[PDB]
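> Opening piece of the complex, as it sits:
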Amino acid sequence: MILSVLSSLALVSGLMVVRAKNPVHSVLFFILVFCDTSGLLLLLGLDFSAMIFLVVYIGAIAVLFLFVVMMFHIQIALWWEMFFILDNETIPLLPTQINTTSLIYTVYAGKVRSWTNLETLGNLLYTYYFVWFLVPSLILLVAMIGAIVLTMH
Amino acid sequence: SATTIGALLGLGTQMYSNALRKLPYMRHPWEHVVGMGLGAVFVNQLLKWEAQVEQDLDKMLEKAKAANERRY
Amino acid sequence: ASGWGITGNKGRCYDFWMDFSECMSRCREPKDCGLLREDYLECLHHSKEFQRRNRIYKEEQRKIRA
Amino acid sequence: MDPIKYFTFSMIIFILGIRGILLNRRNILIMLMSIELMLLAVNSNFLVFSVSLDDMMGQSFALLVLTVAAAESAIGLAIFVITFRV
C-alpha cells in the first residue's frame, strides 16, 4: 500500500517539476520528489542510502538550487507498456505468493551477527575498490576549482 | 645511410620552421646542426624500433599458431 | 555477480557463478557447459521457478471451472 | 511484482526527465533539474538491482554516481549563474 503511495507522490511531483511554472514551485516539487524517493528507499530496506539521499540530495544540492533560483526570482523570461510488462507470465501471480508465504526457510546461521549496510559498505568500499574511491575525490576537486575559476572574479 | 637521411630530414624541417615565420631561411645557423642531429637520432631509433616490433609481432604470431593448433 | 552479499556472506547466487566460471575458463571446449548459464541466470531471476509455479496455479484454476 | 514496480517507477522517472530536457529548451533551471532527475532514476534502479540479485557493487556504484551528480549540478549551476549576469 504505502509503496504505491510513495510511488504516486513521486510521479505526480516529477510531473509538476517539469510542467509547473514559477520555477520556485518546480524546485519545491523537486525537493518533494527526492523526499519521497528517500522514503521509498527506506521501504526497500536500505536505511543508510535513505539518510544519505536526505543529507546530500535534499539538504545539500536542493538548497543550492533554491538559493540560486531565489536570487533570480524575477528571471521569468504508458499503459500499453505497463500491460506489455504485466502480461509476461514471468511475474508470480499473487495467489501463488499466498500459500508459499509460509514457505521461506530462515537460516538462523548467517544472522548470528548482522552487518548493517553501513558497515559492510564501508568494509568493501575502503579496503577493496579504493581507486573507485580516489577518483571521486578528483571529480569533487574539479567541481570546486571549476566553480572558482568560473564565477569568482 | 640512415643517419644521412635523418640529418637531411632535420635540416629540411628546420629550414621549414624558419620559413613559416617570414624570417630568412638560415636565421640561427647554429640550430640547423641541432636539427640534423635530432633527425639523425630519430630515424636511427625508428629503424631500431621497427626491427624490434617486427620481432615481437612474429613471436606473437608464433604463439597464436599454438592457440589455433589445438583447434584443428 | 561477485561475492559480497548484501549482508557480509557469500552472495545468494555465487556458487553457481563459481562453477560456471571454472567450467567456462578451465575446459574451453565450445559451449559444452553453457548448461550452467541457464542455472546462474535462473538464480539471478528465478524465471523458470516463477513460470512453473504460475502454471501450477493456472491448471489448479482451470480445474475449478469443472 | 515488487521488482517490476520499482523498475517501472525508475523507468517512468527517467522518461519524465528526458521529456523535460527535450521539450523545455530555454529554461536552464528546468533543464538541470531534469538532468538531476535522470541521475536520480539511475541511482534508484541501481539500488533496486543491488538488492534484488544479492550483490554489493550496485551500492558502491550508487554512492559514486551520487558524487558525480553533485559535481555536475554544482558546475552547471555555476555555468548558468555566469550566463545570467550580462
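Right, received. Where do you want to start? Numbers count the residues shown, from 1 in each chain, chains lettered A, B, ... in the order given.

> can you pull the contacts of residue C:24?
Counting by C-beta atoms under 8 Å, 6 or more residues apart in numbering or on different chains, residue C:24 makes contact with C:33, C:36. In short, each C-beta sits where N, CA and C put it, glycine included.

> Quickly find the element holding it.
Counting by DSSP states H and E, the element that carries residue C:24 is helix C:15-26.

> quick one: residue A:88 is in a helix?
No. Secondary structure assignment (DSSP: H, G, I helix; E, B strand; the rest coil) places residue A:88 in coil, not in a helix.

> tell me the contacts of it?
If you count contacts by C-beta under 8 Å, 6+ apart, residue A:88 has none.

> For it, give me phi and psi.
The phi and psi torsions at residue A:88 (degrees, to the nearest 10) take the values phi -90, psi -20.

> OK, now which residue of chain B is nearest to chain D?
Ranked by C-beta to the nearest C-beta, the top residue of chain B for proximity to chain D is residue B:67, at 31.9 Å.

> where's that residue, which helix or strand?
Following DSSP H and E, one finds residue B:67 within helix B:32-69.

> Enumerate the positions of that helix that are buried.
Residues of helix B:32-69 classed as buried: B:32, B:35, B:36, B:38, B:39, B:40, B:43 (neighbour count, 16 or more other C-beta atoms under 10 Å in any protein chain shown).

> so the helix or strand following the helix holding residue C:24 versus helix C:15-26, what angle?
Later in the chain than helix C:15-26, the nearest helix or strand by DSSP H and E is helix C:35-45. Orientation check (axes from the mean of the first three to the mean of the last three C-alpha atoms, to 10 degrees): helix C:35-45 against helix C:15-26 gives 150 degrees.

> Another chain to add, chain E:
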Amino acid sequence: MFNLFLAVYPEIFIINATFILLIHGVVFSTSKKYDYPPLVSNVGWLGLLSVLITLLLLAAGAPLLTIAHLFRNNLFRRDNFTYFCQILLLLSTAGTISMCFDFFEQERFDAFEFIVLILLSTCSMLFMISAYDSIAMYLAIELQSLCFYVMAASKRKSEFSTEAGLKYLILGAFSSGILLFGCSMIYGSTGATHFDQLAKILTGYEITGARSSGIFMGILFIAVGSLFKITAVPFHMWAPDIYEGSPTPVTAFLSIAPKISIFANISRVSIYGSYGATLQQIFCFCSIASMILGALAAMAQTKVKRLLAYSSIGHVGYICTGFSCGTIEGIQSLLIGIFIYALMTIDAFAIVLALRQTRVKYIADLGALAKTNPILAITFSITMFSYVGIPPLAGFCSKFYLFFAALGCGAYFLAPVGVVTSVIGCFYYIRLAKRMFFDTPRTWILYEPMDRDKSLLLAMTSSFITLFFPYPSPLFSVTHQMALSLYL
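Let me add chain E to what's already shown:
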C-alpha cells in the same frame, strides 16, 4: 613506493604534478610581493615538462607497468594496446599545449587553472584507456567531461563562450545519463560489470531467452551513449556550434584527445560485450550517415571553424566505416586511420590558430595567402588535401587501406558511399585551392606569424604527411601488434 604501485607510476606522477602546479599557480598568482603575476605561461611550461616526464616514465616502463596483474585487474588491465594508445594521447596533449601557448598571451585571458585542468583531464583519459570495468569507464569519462565543462566557458566578457559552454554541458551530461542507464540495465539483467565477466556470460550464447530481453536494452543504450561522445551524426546537435563558440585551444583538445580515448574504449567493449549484429548494425548506419552529412554540409559553409567541425565529423565517419566488420585486417586499418586523423587535425588546428585574431570569424580571409605568405598557403593546401584525398598523402593512404580492408572483409556497400563522399570532398577542396590564384577581395596581412613552437610542430607534422608513403612499414607493424594483442 610499495612495489605494487609500480603499475600506476605515470598516473601518480601526473596527479602530483597537477597538484604542485595548482598550488604554485594560486599562491604566486595571489602574492602581493610580486606585482600580481598571472602565471599562465609559467604554469604551462611546467605542465609541458611534467607531461613529457609522464611520457618518459610510461614509455620506458611498460614491461613493468604490467606488474600488478590481478590486484589491479579489480579495475583496469594494461596490455600493449593501452601502452600505445596512452603514448599517443600524451603526445597529443604535449602537442596541443605547445600549440596553445601563444594563444593565451595573445587573447590575453589570465587563468592558470586552464593549464591545471588539461593535465587533470589527461590523467582521466589515461585512466579511461586502461579501463576494464563499465563503472570505471563511466567514472573516467565523467572526470574528463567535467574538466572539459570547466574548460569551455573561459572568457566571461565574451558572448559565444557561455552559450557554447552551456550547450556542451547539457549535451555531455545527457550523453552520460544515457550511458549510465545502459550500464544499469546491463547490470540488472546480467549480474556483473567487469569485462571478463560480461564476456564469459554473454559470449557465443547470445541465443534469445526468457529474460534475455534486458541485456539488449542495456547494450543499445550504451551504444547510443558512447555514440553521442563520438559526435554521433544523427545526434550531432550543436557540435559545429560548440566548435565555433569555444576557443581554439579548447576545441582542438576536444577534437583530438577525447576521440581517440573513446574509440579505444569502444573497441575494448565491442570486442567483448557485443552481439552478432547489434553494435555492428548500430554503427553501420551512423557511418554512412556521417560520410553523407560531412559531404553535403562541408560543401557549403562560410566559417573556417564550422568547416573544420564538419570535416572532423566526416573523418570520424570514415573511421566508423572501418569499424564495420571485426577481422584483424579491419581493426588494423581502423587504428591506422585513428592515428593519421589525430596528426592531421593537430596540423589543421595549428594553422587555423596561427590565423586567428585578424580573422575573428571568416573564411573569405584567404586574402592571397599565396601572395602574402606562400609557404603557409602551401602548407594549408597540403593539410587539407590530406584531410580529403589526393595522390600519395597520409589521409589518402589511410582511406585507401580502410577501403581495402572493407572490401576484403565482406562489405561491398561502404565503398561506394565512401568513395563518392571522398570525391565530392575532393572536388570541393581542389576547387577551393585553385581558387587561391583567381583574385583576392580582402586582405589581412597578419601580425600573427607563428612564434616558434606552432611553427616547429606544424613543420614536423606537415613533413610527416607527405613523407608517409616512402616508408609505412613500422606503423603497420605496430598496429598489427596492437590489434592482435587486443584480445588474442
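
> same question on the buried residues of helix B:32-69, but with chain E included?
Within helix B:32-69, the residues that qualify as buried are B:32, B:35-36, B:38-40, B:43, B:47, B:50, B:53-54, B:57, B:60, counting by 16+ other C-beta under 10 Å.

> can I get the CA coordinates of the helix holding residue C:24 in PDB?
Taking C-alpha atoms only, helix C:15-26 is exported to PDB below (Å, rounded to 0.1, in the frame of the first residue of the first chain):
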ATOM      1  CA  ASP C  15      28.400 -20.900  -6.000                       C
ATOM      2  CA  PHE C  16      26.600 -21.200  -9.400                       C
ATOM      3  CA  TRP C  17      28.700 -18.400 -10.800                       C
ATOM      4  CA  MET C  18      31.800 -20.000  -9.400                       C
ATOM      5  CA  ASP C  19      31.000 -23.300 -11.200                       C
ATOM      6  CA  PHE C  20      30.100 -21.500 -14.400                       C
ATOM      7  CA  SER C  21      33.400 -19.600 -14.300                       C
ATOM      8  CA  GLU C  22      35.600 -22.600 -13.500                       C
ATOM      9  CA  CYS C  23      34.000 -24.600 -16.300                       C
ATOM     10  CA  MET C  24      34.000 -21.800 -18.900                       C
ATOM     11  CA  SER C  25      37.600 -21.000 -18.300                       C
ATOM     12  CA  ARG C  26      39.100 -24.400 -17.400                       C
END
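
> buried residues in it?
Across helix C:15-26, burial judged by 16+ other C-beta under 10 Å covers C:16, C:17, C:20, C:21, C:23, C:24.

> What's the nearest residue in chain B when you look at chain C?
In chain B, the residue that lies nearest chain C is residue B:70 (9.0 Å; C-beta to the nearest C-beta).

> same thing with chain A?
residue A:115 (4.1 Å).

> Next, that residue: secondary structure please.
Three-state call for residue A:115 (three-state DSSP): coil.

> here's chain F, drop it on:
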Amino acid sequence: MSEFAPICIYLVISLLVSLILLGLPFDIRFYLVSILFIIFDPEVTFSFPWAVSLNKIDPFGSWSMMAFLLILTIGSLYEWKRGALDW
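Putting chain F onto the chains we already have gives this:
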C-alpha cells in the same frame, strides 16, 4: 526496520499538535559557500562508513582515507588562497 513506523506516527502526531497550536488564536558569496558545502558534505558522507569499520581494515583503510582527505584539503587550500571564503 519497524522503527520508522514510530517515527512516522510521531511525524503525523506532531503535525496534529502543531496545527492545534496554530488554530488557537482564531551573491557570489552565498553561491560559493553553498558549493563548498556541497563539496564538504559528501566528505562527511564518506567519513561515516570509514568511521564504523576501522577494525576490519588495517592501516590500508586509514591511509586511503587520508589520501582522499589530502586531495580535498589541497582543494580547500586552493579555495583559501583565492580568497573565495573571505566574506
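
> once more on the buried residues of helix B:32-69, this time with chain F?
For helix B:32-69, a neighbour-count test (16+ other C-beta under 10 Å) marks B:32, B:35-36, B:38-40, B:43, B:47, B:50, B:53-54, B:57, B:60 as buried.

> now swap in stretch E:443-461 and tell me
Buried residues in stretch E:443-461 (16+ other C-beta under 10 Å): E:444, E:446, E:448, E:450, E:453, E:454, E:455, E:456, E:457, E:458, E:459, E:461.

> Take these and write them to TSV, including distance to chain B and secondary structure.
Shown next, in TSV, are those (distance: C-beta to the nearest C-beta, whole Å; DSSP: H, G, I helix; E, B strand; the rest coil):
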residue	distance to chain B	secondary structure
E:444	15	coil
E:446	10	coil
E:448	10	coil
E:450	5	coil
E:453	9	helix
E:454	8	helix
E:455	4	helix
E:456	5	helix
E:457	9	helix
E:458	6	helix
E:459	4	helix
E:461	10	helix
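
> Could you give the number of residues near residue D:51?
A total of 20 residues lie near residue D:51 under the criterion other C-beta atoms under 10 Å in any protein chain shown.

> ditto for residue F:85
When neighbours are counted by other C-beta under 10 Å, residue F:85 registers 12.

> so what's it up against?
Contacts of residue F:85 (C-beta under 8 Å, 6+ apart): F:32, F:33, F:36, F:79.

> again, 10 Å this time
With contacts defined as C-beta atoms under 10 Å, 6 or more residues apart in numbering or on different chains, residue F:85 is in contact with F:29, F:32, F:33, F:36, F:76, F:79.

> Filter those residues to keep only those in contact with chain A.
Contacts with chain A within those, counted by C-beta under 10 Å from any C-beta of the partner chain: F:32, F:33, F:36, F:76, F:79.

> Just confirm yes or no for whatever helix or strand the third one lives in near chain D.
Just to be clear, that refers to residue F:36. For residue F:36, the element it lies in under DSSP H and E is helix F:28-52. Yes. Judged by C-beta under 10 Å from any C-beta, helix F:28-52 comes into contact with chain D at F:28, F:31-32, F:34-36, F:38-39, F:41-42, F:45-46, F:49.
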